[PDB]
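Heads up, the thing below is written out as structure tokens.
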Amino acid sequence: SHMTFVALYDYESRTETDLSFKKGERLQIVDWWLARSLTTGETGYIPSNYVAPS
Ligand SMILES: COC[C@H]1O[C@@H]2O[C@H]3[C@H](O)[C@@H](OC)[C@@H](O[C@H]4[C@H](O)[C@@H](O)[C@@H](O[C@H]5[C@H](O)[C@@H](O)[C@@H](O[C@H]6[C@H](OC)[C@@H](O)[C@@H](O[C@H]7[C@H](OC)[C@@H](OC)[C@@H](O[C@H]8[C@H](O)[C@@H](OC)[C@@H](O[C@H]1[C@H](O)[C@H]2OC)O[C@@H]8CO)O[C@@H]7CO)O[C@@H]6CO)O[C@@H]5CO)O[C@@H]4CO)O[C@@H]3CO
Ligand SMILES: [Cu+2]
């Protein structure tokens, strides 16, 4: 119930395994967490310090 987060900052993917996201984008969590964007539906790793509980 606690696994929805929101991006605090924009992030641009660096690698083939991380996920880009925009500030305010919500992420469902499945230092680096596997997440699914609730905007794009894409799944990848995000830096956990860039998101906070939503
Ligand atoms: C037009 O479709 C009719 C569809 O309408 C209703 O769905 C709503 C949905 O309820 C609503 O959600 C609140 C919103 O959807 C948004 C998603 O919630 C959000 O996650 C995001 O979606 C992402 C996906 O997460 C990504 O996965 C990706 O999707 C693309 C697929 O990549 C996996 C790609 O393959 C392709 O999808 C095809 C699909 O193959 C997987 C194909 O299935 C045969 C076909 O889908 C049919 C579907 O079978 C059928 O189901 C009964 C029906 O679906 C309706 C929902 O039932 C209804 O629910 C209320 O029609 C579909 C279309 O014919 O076609 C798919 C499209 O080609 O393409 C995917 C799109 O890129 O990327 C998306 C977008 O980021 O964003 C969603 C909204 O943009 O809206 C939905 C309707 O648009
Ligand atoms: Cu929870």
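Residue indices begin at 1 and follow the sequence shown. Atoms considered below: every heavy atom in the structure, side chains included; atoms not considered: hydrogens, waters and symmetry mates.
Smallest separation of non-hydrogen atoms from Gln28 and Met3: NE2-O, 3.3 Å. Heavy-atom minimum distance, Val30 versus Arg36: CG2-NH1, 3.7 Å. When all heavy atoms of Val51 and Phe5 are compared, the pair lying nearest together is CG2-CD2, 3.6 Å.
Rounding to the nearest 0.5 Å places CD1 of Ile46 at 4.0 Å from CD1 of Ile29. In this structure, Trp33 CH2 and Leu19 CG are separated by 14.0 Å, a value rounded to the nearest 0.5 Å. Within the model, atoms OG of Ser48 and CH2 of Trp32 stand 9.0 Å from one another, a figure rounded to the nearest 0.5 Å.
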Give the C-alpha distance, both sets of side-chain angles, the deciding distance and a yes or no for side-chain contact (heavy atoms from CB on, under 4.5 Å) between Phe21 and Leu27. CA-CA 9 Å; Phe21 50 84; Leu27 294 138; 4.3 Å; yes
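Put simply, the side chain of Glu25 never gets that close to the backbone of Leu38: no donor and acceptor are under 3.5 Å apart. Here the side chain of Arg14 pairs a donor or acceptor atom with the backbone of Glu12 at under 3.5 angstrom. A donor-acceptor pair under 3.5 Å is absent between the side-chain atoms of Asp18 and the main chain of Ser13, judged by distance alone.
For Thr17, the side-chain hydrogen bond (donor to acceptor under 3.5 Å, both in side chains) partners at least two apart in sequence or on another chain are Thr15.
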